[PDB]
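Student: Before I ask anything, here is the structure I am working with.
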Amino acid sequence: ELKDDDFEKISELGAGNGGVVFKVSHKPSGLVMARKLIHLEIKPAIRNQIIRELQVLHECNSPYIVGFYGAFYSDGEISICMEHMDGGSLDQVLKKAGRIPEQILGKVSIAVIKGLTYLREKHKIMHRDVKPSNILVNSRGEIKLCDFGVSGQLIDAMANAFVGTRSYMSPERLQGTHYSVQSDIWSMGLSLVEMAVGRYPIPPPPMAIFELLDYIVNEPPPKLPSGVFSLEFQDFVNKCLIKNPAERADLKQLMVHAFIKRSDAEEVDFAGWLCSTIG
Amino acid sequence: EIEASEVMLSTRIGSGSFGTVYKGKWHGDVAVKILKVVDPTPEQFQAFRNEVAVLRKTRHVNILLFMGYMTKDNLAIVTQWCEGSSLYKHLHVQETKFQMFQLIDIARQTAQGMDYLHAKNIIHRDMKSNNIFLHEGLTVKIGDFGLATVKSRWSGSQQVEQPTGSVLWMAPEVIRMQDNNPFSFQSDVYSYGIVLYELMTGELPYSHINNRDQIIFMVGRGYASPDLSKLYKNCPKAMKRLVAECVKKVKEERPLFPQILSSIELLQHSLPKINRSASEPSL
Amino acid sequence: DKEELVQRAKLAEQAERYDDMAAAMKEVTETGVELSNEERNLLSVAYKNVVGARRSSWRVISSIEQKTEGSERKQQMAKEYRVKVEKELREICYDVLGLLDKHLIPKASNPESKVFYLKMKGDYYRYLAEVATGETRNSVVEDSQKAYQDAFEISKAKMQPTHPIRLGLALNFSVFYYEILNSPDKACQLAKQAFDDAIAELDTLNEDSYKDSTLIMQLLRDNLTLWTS
Amino acid sequence: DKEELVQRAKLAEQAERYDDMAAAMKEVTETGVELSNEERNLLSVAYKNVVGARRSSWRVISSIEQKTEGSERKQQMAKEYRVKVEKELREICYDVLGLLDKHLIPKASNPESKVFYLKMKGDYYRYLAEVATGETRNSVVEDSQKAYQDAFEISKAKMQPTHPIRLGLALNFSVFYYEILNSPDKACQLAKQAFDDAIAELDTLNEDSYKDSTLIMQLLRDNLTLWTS
Ligand SMILES: Nc1ncnc2c1ncn2[C@@H]1O[C@H](COP(=O)(O)OP(=O)(O)OP(O)(O)=S)[C@@H](O)[C@H]1O
Ligand SMILES: Nc1ncnc2c1ncn2[C@@H]1O[C@H](COP(=O)(O)OP(=O)(O)OP(O)(O)=S)[C@@H](O)[C@H]1O
Ligand SMILES: O=C(NOCCO)c1ccc2cncn2c1Nc1ccc(I)cc1F
Ligand SMILES: [Mg+2]
Ligand SMILES: [Mg+2]
């Protein structure tokens with residue numbers, strides 16, 4: 001198994017509302033992994049249940065899903081051990097590059113759809129957290145998903161967290177409603193929009209998190225600025241950012257959408273561009 | 001301020017919304033919270049020291065002692081250590097079984113402490129179950145009060161003026177941020193009412209919601225309120241009336257804390273000794 | 001006086017006694033005066049708890065009867081007790097319907113009230129159906145079908161897609177389709193359609209009725225996945 | 001035959017149907033057959049549930065009765081309804097007392113069983129004393145005191161202080177002292193003595209006697225904590 005003592009932290013990869021992830025080395029194996037510590041105060045039975053639910057991640061093997069080695073509870077914190085992602089998160093790259101190139105955005109959308117359909121098919125799991133900070137990249141050019149809702153009890157525990165700044169919640173999910181994968185698709189669309197423009201698009205060209213939610217519930221969905229993007233991409237994102245879940249395209253429609261096909265046909269040196277924009 | 005060489009940091013305790021708590025031994029056992037603010041603005045630092053002085057001025061039984069601050073080991077604040085576990089741990093993590101009069105007395109002590117703070121024009125934002133400790137078995141100790149200028153970030157010489165901390169105890173009128181200064185006495189009253197709900201239910205409000213943003217939106221819209229159906233059956237009727245009055249969506253509807261204390265005293269007067277006795281179970 | 005009888009029924013409700021409550025409300029119904037919106041809720045809840053207790057009892061009795069799997073007098077006595085409690089439930093439901101098809105459905109000015117009462121009628125016919133096995137099952141099943149359909153027409157006609165009454169009617173009818181008629185495809189279709197129609201008009205949700213709306217919505221979601229498996 | 005009625009009572013228990021179990025046990029004991037531990041335990045459980053529901057209801061009714069005295073004649077019918085509840089409350093206890101007088105007390109060949117039956121008699125007299133007022137209350141409590149004292153001597157002479165029945169007897173006696181006699185010091189002294197004896201004679205119980213005994217001791221500590229403050 002995995003225990004606290006077997007890891008020597010190398011660095012702090014980052015910190016979000018939920019917790020903090022450290023790039024550490026597993027001493028018995030000598031490999032660098034990422035260990036996410038989430039602080040929470042729950043009963044030991046809940047902790048055991050959450051560990052058991054996270055044990056499912058052993059067989060969730062996909063080129064579009066981050067790796068996983070184990071999880072344990074050391075002291076008031078749940079520790080999650082996953083493979084180390086060299087490129088970090090797409091939010092980091094958005095901090096590096098002003099705005100993502102459209103070809104790379106297409107490749108990103110292809111990877112995200114592949115991951116979401118892999119989850120919904122072989123695990124019946126909804127990500128529930130499709131965000132720029134939750135998509136990870138590698139030095140070899142791979143794109144993968146992390147921080148998806150495998151453990152329901154863990155989600156219930158994280159329901160007790162501190163207020164946020166920005167949100168990637170589909171308006172149906174804010175309205176106490178859920179349309180299976182359409183909400184994850186809406187999150188994907190908002191992530192691609194926020195990556196295309198060099199800003200958070202919800203206050204379209206600051207506002208409190210409540211005002212952001214009120215806007216994304218009671219206002220028209222954001223759109224890419226026309227004239228600086230191809231038509232297939234704008235149509236794809238307008239399909240993804242649809243208020244009505246039924247009219248919102250599912251995974252199958254997006255897979256054969258024109259923008260996705262155009263992105264798949266194109267050859268993009270994603271690894272080289274990443275190395276350039278992050279050094 | 002306080003010299004960092006005087007204090008000695010023991011093993012870490014945990015992390016919170018705006019700081020990380022370690023055990024210290026300066027002039028006895030203390031708690032040192034390392035603040036997350038990295039580069040305090042000079043105006044921010046001056047306001048921080050003003051609030052620190054005001055907090056050192058406080059002296060009450062149900063509120064922890066605020067020793068002072070230090071600027072050497074980053075920016076940190078020193079408070080009186082309490083060995084007793086937090087009320088949140090007792091109700092939820094420990095699921096400690098409290099009798100009805102015990103909970104009434106806990107609520108009365110907490111109301112006394114909050115009344116002390118509000119008598120001094122100190123707004124204990126982030127007032128909640130983790131900020132309440134059961135010192136010496138049943139004494140209530142209130143912590144992490146005030147500190148407006150540190151919990152909220154600062155955009156240079158201007159405070160960010162955005163909500164922070166746990167949302168379950170967050171008042172609706174402060175979730176909306178419909179005013180630049182939504183923090184006042186009534187927000188504390190609402191947070192205290194949520195604490196009362198946890199006491200009288202033993203469970204967190206909005207257990208059916210498992211997304212924080214959904215909670216934010218629904219509470220801000222008024223579409224969700226703590227359901228009083230979870231309240232304990234043995235809970236006195238006036239107690240349920242009080243916990244209903246405290247969590248009123250209307251800001252002006254929530255009563256002030258002197259009224260809270262008066263109501264709790266009347267409840268303790270009316271508290272009979274009939275249902276209190278428990279008989280043999282159907283073993 | 002009507003107010004004293006309603007206060008007594010509410011008091012028995014607060015006392016967790018659901019026999020003096022049901023009788024008190026039936027006596028109120030026997031007055032032959034039209035109910036108000038508040039008073040209807042007490043009647044519904046009381047006769048709902050009365051029926052649910054016997055339903056749970058019947059479920060556990062039937063589970064034990066299918067669990068024993070032996071050859072002795074215990075199974076016969078369990079069957080006798082099952083038919084006893086079943087007869088009690090039948091009497092309860094028949095008293096309910098006679099109270100309904102003689103004072104409430106015939107005299108209901110408000111169409112919403114008629115939707116409510118036809119919903120009740122279908123629900124109690126379903127309760128009679130799930131226990132009655134044989135030739136008589138087909139009659140109560142079809143009567144429940146007619147009550148549900150008549151309620152559904154009025155709901156689709158003059159009811160909001162987000163009103164709790166209509167959502168509950170849709171849920172009840174989907175459960176009736178899935179369990180009684182054993183037609184999962186059409187039940188799933190009805191649930192999906194009701195889900196979508198409620199999703200469309202989510203912005204129109206006042207403080208008067210919000211918790212019930214999302215509660216029934218989550219129940220519909222749960223039923224959906226339960227059946228899509 | 002006897003086992004058939006035992007199975008019927010068990011089935012009524014599983015079905016949450018208690019009045020059926022109460023009658024099914026009252027007919028069992030009416031014969032006067034040799035009573036085993038399980039057989040008497042089921043009767044105690046059934047009767048206890050039936051009267052507990054109604055006594056909780058009465059506590060609620062009496063609490064509501066004193067909610068507001070400055071009103072019209074709404075309390076007039078409330079007190080009559082409470083009288084109705086007591087009429088449906090005293091007579092069951094009297095039936096149990098007559099049952100205990102019929103076979104239970106004479107058909108006792110084990111002092112433990114006599115302790116248990118006298119404990120039950122005192123418990124139900126205590127329940128009657130709560131509703132009973134005036135000289136009636138004193139008349140009832142004089143019987144419960146004597147039953148409790150005759151139970152305590154046999155419990156001390158024949159059973160270990162750690163015995164769960166004896167622990168429960170001490171607990172119930174303490175409760176009666178506190179609630180009716182309003183003698184909190186004597187109740188506290190008795191409870192402390194019983195708990196101290198239980199601690200002094202510990203870690204000698206059977207494997208089965210490791211949950212009930214601990215639960216009774218925990219409840220004793222809870223009562224001690226309540227009465228100290
Ligand atoms: N396997 C990994 N490799 C590299 N960096 C990682 C890895 N996992 C997480 N991170 C980093 O962890 C940082 C914090 O992300 P999370 O802890 O998942 O919370 P989050 O993405 O910030 O979501 P919120 O809403 O802000 S809490 C991200 O910005 C990533 O850079
Ligand atoms: N005065 C104190 N003495 C001892 N431990 C404390 C004290 N205050 C807080 N703690 C501990 O510090 C950890 C985190 O507490 P905090 O940092 O105050 O965060 P919080 O109390 O959960 O909520 P906030 O809004 O961040 S104060 C928990 O394990 C507490 O038990
Ligand atoms: O970490 C989480 N979120 O972080 C950002 C906000 O979602 C997270 C959130 C919910 C959740 C439910 N069950 C596990 N959960 C998480 N952990 C997690 C799961 C799978 C992998 I692979 C890696 C992980 F870190
Ligand atoms: Mg994250
Ligand atoms: Mg704290």
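Every chain in the structure tokens has a letter given in the order shown (A, B, ...), and although residue numbers restart at 1 in each chain, ligands are simply numbered from 1 in the order shown.
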Using only C-alpha atoms and all ligand atoms, which protein or nucleic acid residues are at most 12 Å from ligand 5, as a count of residues only?

Tutor: 43

Student: Grab me every residue within 10 Å of ligand 3, counting only C-alpha atoms and all ligand atoms, and send it over as a PyMOL selection string.

Tutor: (chain A and resi 15-21+34-38+50-51+53-58+60-61+65-71+78-83+127-131+133-134+144-159) or (chain B and resi 211)

Student: With only C-alpha atoms considered, list every residue of chain A at most 9 Å from chain C, as a ChimeraX atom specification.

Tutor: /A:172,175-179,217-218,244-246

Student: Mind dumping a table of every chain B residue within 9 Å of chain C, with the nearest atom pair and its distance in Å to one decimal, using only C-alpha atoms, sorted by chain and rising number, as JSON lines?

Tutor:
```
{"residue": "B:222", "atom": "CA", "partner": "C:207", "partner_atom": "CA", "distance": 7.6}
{"residue": "B:223", "atom": "CA", "partner": "C:207", "partner_atom": "CA", "distance": 6.3}
{"residue": "B:224", "atom": "CA", "partner": "C:211", "partner_atom": "CA", "distance": 7.4}
```

Student: Do you know which residues are at most 12 Å from residue B:54 counting only C-alpha atoms, after dropping those on the same chain fewer than 4 positions away, and could you put them as a PyMOL selection string?

Tutor: chain B and resi 47-50+58-59+65-68+117+120-123+145-147

Student: Return as a VMD selection string the residues belonging to chain C that are within 7 Å of chain D, counting only C-alpha atoms.

Tutor: chain C and resid 15 57 60 to 61 74

Student: Keeping only N, CA, C and O atoms, take the residues you just selected and write them out as a short mmCIF file (atom, residue, chain, number, x, y, z; two decimals), in the first residue's frame.

Tutor:
```cif
data_model
loop_
_atom_site.label_atom_id
_atom_site.label_comp_id
_atom_site.auth_asym_id
_atom_site.auth_seq_id
_atom_site.Cartn_x
_atom_site.Cartn_y
_atom_site.Cartn_z
N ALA C 15 -49.41 14.31 17.14
CA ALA C 15 -49.22 13.25 18.12
C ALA C 15 -48.73 11.95 17.49
O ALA C 15 -48.59 10.96 18.21
N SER C 57 -45.84 -3.42 5.91
CA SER C 57 -46.14 -4.67 6.59
C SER C 57 -46.35 -5.79 5.58
O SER C 57 -45.84 -6.90 5.74
N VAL C 60 -42.98 -6.86 4.02
CA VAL C 60 -42.14 -7.71 4.86
C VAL C 60 -42.78 -9.08 5.05
O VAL C 60 -42.08 -10.10 5.09
N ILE C 61 -44.11 -9.15 5.13
CA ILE C 61 -44.77 -10.44 5.23
C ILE C 61 -44.52 -11.27 3.98
O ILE C 61 -44.20 -12.47 4.07
N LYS C 74 -46.07 -22.88 9.20
CA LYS C 74 -45.64 -21.49 9.30
C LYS C 74 -45.97 -20.72 8.03
O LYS C 74 -46.43 -19.58 8.09
#
```

Student: Can you work out which residues from chain B touch chain A at a cut-off of 7 Å (counting only C-alpha atoms) and hand them back as a PDB file with N, CA, C and O atoms, in the first residue's frame?

Tutor:
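Written output follows (part-v4.pdb):
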```pdb
ATOM      1  N   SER B  17      -9.305  28.654   6.424  1.00  0.00           N
ATOM      2  CA  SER B  17      -9.624  29.489   5.273  1.00  0.00           C
ATOM      3  C   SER B  17      -8.547  30.528   5.016  1.00  0.00           C
ATOM      4  O   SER B  17      -8.302  30.895   3.862  1.00  0.00           O
ATOM      5  N   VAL B  93     -17.623  14.986  13.707  1.00  0.00           N
ATOM      6  CA  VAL B  93     -16.505  14.053  13.604  1.00  0.00           C
ATOM      7  C   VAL B  93     -16.554  13.036  14.736  1.00  0.00           C
ATOM      8  O   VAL B  93     -16.419  11.828  14.512  1.00  0.00           O
ATOM      9  N   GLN B  94     -16.750  13.506  15.967  1.00  0.00           N
ATOM     10  CA  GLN B  94     -16.865  12.605  17.104  1.00  0.00           C
ATOM     11  C   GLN B  94     -18.272  12.063  17.282  1.00  0.00           C
ATOM     12  O   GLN B  94     -18.434  10.984  17.864  1.00  0.00           O
ATOM     13  N   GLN B 162     -14.611  40.668  -1.036  1.00  0.00           N
ATOM     14  CA  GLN B 162     -15.294  39.497  -1.554  1.00  0.00           C
ATOM     15  C   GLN B 162     -15.529  38.504  -0.423  1.00  0.00           C
ATOM     16  O   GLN B 162     -14.792  38.494   0.569  1.00  0.00           O
ATOM     17  N   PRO B 163     -16.548  37.657  -0.533  1.00  0.00           N
ATOM     18  CA  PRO B 163     -16.809  36.688   0.532  1.00  0.00           C
ATOM     19  C   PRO B 163     -15.699  35.655   0.623  1.00  0.00           C
ATOM     20  O   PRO B 163     -14.969  35.391  -0.335  1.00  0.00           O
ATOM     21  N   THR B 164     -15.570  35.079   1.814  1.00  0.00           N
ATOM     22  CA  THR B 164     -14.557  34.069   2.061  1.00  0.00           C
ATOM     23  C   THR B 164     -15.032  33.154   3.178  1.00  0.00           C
ATOM     24  O   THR B 164     -15.919  33.503   3.959  1.00  0.00           O
ATOM     25  N   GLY B 165     -14.431  31.970   3.236  1.00  0.00           N
ATOM     26  CA  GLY B 165     -14.741  30.995   4.263  1.00  0.00           C
ATOM     27  C   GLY B 165     -15.828  30.039   3.823  1.00  0.00           C
ATOM     28  O   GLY B 165     -16.307  30.060   2.685  1.00  0.00           O
ATOM     29  N   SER B 166     -16.225  29.190   4.767  1.00  0.00           N
ATOM     30  CA  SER B 166     -17.238  28.180   4.498  1.00  0.00           C
ATOM     31  C   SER B 166     -18.570  28.833   4.156  1.00  0.00           C
ATOM     32  O   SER B 166     -18.960  29.838   4.753  1.00  0.00           O
ATOM     33  N   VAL B 167     -19.270  28.248   3.181  1.00  0.00           N
ATOM     34  CA  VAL B 167     -20.533  28.804   2.713  1.00  0.00           C
ATOM     35  C   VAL B 167     -21.734  28.335   3.519  1.00  0.00           C
ATOM     36  O   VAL B 167     -22.747  29.049   3.565  1.00  0.00           O
ATOM     37  N   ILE B 175     -23.467  36.517   0.915  1.00  0.00           N
ATOM     38  CA  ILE B 175     -23.155  35.741  -0.284  1.00  0.00           C
ATOM     39  C   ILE B 175     -23.425  36.573  -1.528  1.00  0.00           C
ATOM     40  O   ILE B 175     -22.653  36.553  -2.494  1.00  0.00           O
ATOM     41  N   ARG B 176     -24.532  37.318  -1.524  1.00  0.00           N
ATOM     42  CA  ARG B 176     -24.871  38.133  -2.685  1.00  0.00           C
ATOM     43  C   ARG B 176     -23.862  39.247  -2.913  1.00  0.00           C
ATOM     44  O   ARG B 176     -23.619  39.631  -4.063  1.00  0.00           O
ATOM     45  N   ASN B 210     -24.578  18.361  -2.895  1.00  0.00           N
ATOM     46  CA  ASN B 210     -23.182  17.950  -2.836  1.00  0.00           C
ATOM     47  C   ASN B 210     -22.286  18.765  -3.765  1.00  0.00           C
ATOM     48  O   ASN B 210     -21.236  18.276  -4.189  1.00  0.00           O
ATOM     49  N   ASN B 211     -22.685  19.988  -4.106  1.00  0.00           N
ATOM     50  CA  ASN B 211     -21.837  20.903  -4.856  1.00  0.00           C
ATOM     51  C   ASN B 211     -21.866  22.272  -4.196  1.00  0.00           C
ATOM     52  O   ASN B 211     -22.940  22.807  -3.906  1.00  0.00           O
ATOM     53  N   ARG B 212     -20.681  22.845  -3.987  1.00  0.00           N
ATOM     54  CA  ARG B 212     -20.596  24.101  -3.251  1.00  0.00           C
ATOM     55  C   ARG B 212     -21.206  25.253  -4.040  1.00  0.00           C
ATOM     56  O   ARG B 212     -21.887  26.109  -3.467  1.00  0.00           O
ATOM     57  N   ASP B 213     -20.981  25.292  -5.354  1.00  0.00           N
ATOM     58  CA  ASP B 213     -21.513  26.390  -6.152  1.00  0.00           C
ATOM     59  C   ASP B 213     -23.033  26.361  -6.177  1.00  0.00           C
ATOM     60  O   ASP B 213     -23.684  27.413  -6.155  1.00  0.00           O
ATOM     61  N   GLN B 214     -23.612  25.162  -6.226  1.00  0.00           N
ATOM     62  CA  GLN B 214     -25.061  25.038  -6.148  1.00  0.00           C
ATOM     63  C   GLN B 214     -25.580  25.609  -4.838  1.00  0.00           C
ATOM     64  O   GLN B 214     -26.595  26.317  -4.817  1.00  0.00           O
ATOM     65  N   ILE B 216     -24.110  27.937  -3.063  1.00  0.00           N
ATOM     66  CA  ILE B 216     -23.952  29.387  -3.140  1.00  0.00           C
ATOM     67  C   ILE B 216     -25.130  30.004  -3.878  1.00  0.00           C
ATOM     68  O   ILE B 216     -25.777  30.940  -3.390  1.00  0.00           O
ATOM     69  N   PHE B 217     -25.445  29.462  -5.054  1.00  0.00           N
ATOM     70  CA  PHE B 217     -26.498  30.043  -5.876  1.00  0.00           C
ATOM     71  C   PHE B 217     -27.853  29.945  -5.190  1.00  0.00           C
ATOM     72  O   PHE B 217     -28.580  30.939  -5.094  1.00  0.00           O
TER      73      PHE B 217
END
```

Student: Residues near residue C:226, anyone? I mean within 12 Å using only C-alpha atoms, not counting same-chain ones fewer than 5 positions away, as JSON, numbers by chain.

Tutor: {"C": [175, 178, 184, 187, 188, 191, 218, 219, 220, 221]}

Student: Print the selection's residues with N, CA and C atoms to a file, as a compact mmCIF listing (two decimals), in the first residue's frame.

Tutor:
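Now in again_32.txt:
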```txt
# COMPACT_ATOMS: atom_id res chain seq x y z
N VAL C 175 -44.11 5.43 -12.41
CA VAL C 175 -43.97 4.27 -11.54
C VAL C 175 -45.06 3.26 -11.82
N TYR C 178 -44.05 1.39 -14.96
CA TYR C 178 -42.92 0.48 -14.79
C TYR C 178 -43.30 -0.73 -13.96
N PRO C 184 -41.27 -0.85 -19.42
CA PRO C 184 -40.21 0.11 -19.09
C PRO C 184 -39.97 1.17 -20.15
N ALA C 187 -42.56 4.00 -19.83
CA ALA C 187 -42.34 4.69 -18.57
C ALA C 187 -41.13 5.60 -18.64
N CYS C 188 -40.04 5.11 -19.23
CA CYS C 188 -38.86 5.93 -19.39
C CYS C 188 -39.15 7.12 -20.30
N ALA C 191 -41.11 9.68 -18.27
CA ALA C 191 -40.23 10.33 -17.32
C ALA C 191 -39.31 11.33 -18.01
N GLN C 218 -35.18 15.24 -8.61
CA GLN C 218 -34.17 14.25 -8.26
C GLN C 218 -34.76 12.86 -8.22
N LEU C 219 -35.99 12.73 -7.73
CA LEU C 219 -36.63 11.42 -7.75
C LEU C 219 -36.79 10.92 -9.18
N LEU C 220 -37.19 11.80 -10.09
CA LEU C 220 -37.30 11.42 -11.50
C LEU C 220 -35.96 11.01 -12.06
N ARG C 221 -34.92 11.78 -11.72
CA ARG C 221 -33.55 11.46 -12.20
C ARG C 221 -33.19 10.05 -11.70
```

Student: Extract, using only C-alpha atoms, all DNA, RNA and protein residues at most 8 Å from stretch 233-241 of chain B, discarding same-chain residues fewer than 5 positions from it, and format them as a list in words.

Tutor: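 Here the answer would be residues 100, 200, 228, 263, 264, 267, 271 and 275 of chain B.
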
Student: Keeping only C-alpha atoms, write the selected residues as a tab-separated table (two decimals), in the first residue's frame.

Tutor:
```tsv
chain	number	residue	atom	x	y	z
B	100	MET	CA	-30.79	18.57	25.44
B	200	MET	CA	-30.44	20.61	17.20
B	228	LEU	CA	-36.56	22.69	10.40
B	263	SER	CA	-34.88	33.63	24.91
B	264	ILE	CA	-32.32	31.01	25.91
B	267	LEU	CA	-35.95	28.23	27.69
B	271	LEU	CA	-36.80	23.25	30.86
B	275	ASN	CA	-38.61	13.84	29.62
```

Student: Leaving out residue D:161 and any residue of its chain fewer than 4 positions from it, which residues lie within 7 Å of it when counting only C-alpha atoms, given as a list in words?

Tutor: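 So the residues in contact are residues 156, 166, 167, 197 and 198 of chain D.
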
Student: Mind listing the helix (DSSP H, G or I) residues of chain D, per DSSP on the backbone, as a PyMOL selection string?

Tutor: chain D and resi 2-14+19-31+37-65+75-104+111-131+134-158+164-181+184-200+212-228

Student: Mind pulling up the distance from atom CA of residue B:30 to atom 4 (C, counted along the ligand's line) of ligand 2?

Tutor: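 Atom 4 (C, counted along the ligand's line) of ligand 2 sits 7.8 Å away from atom CA of residue B:30.
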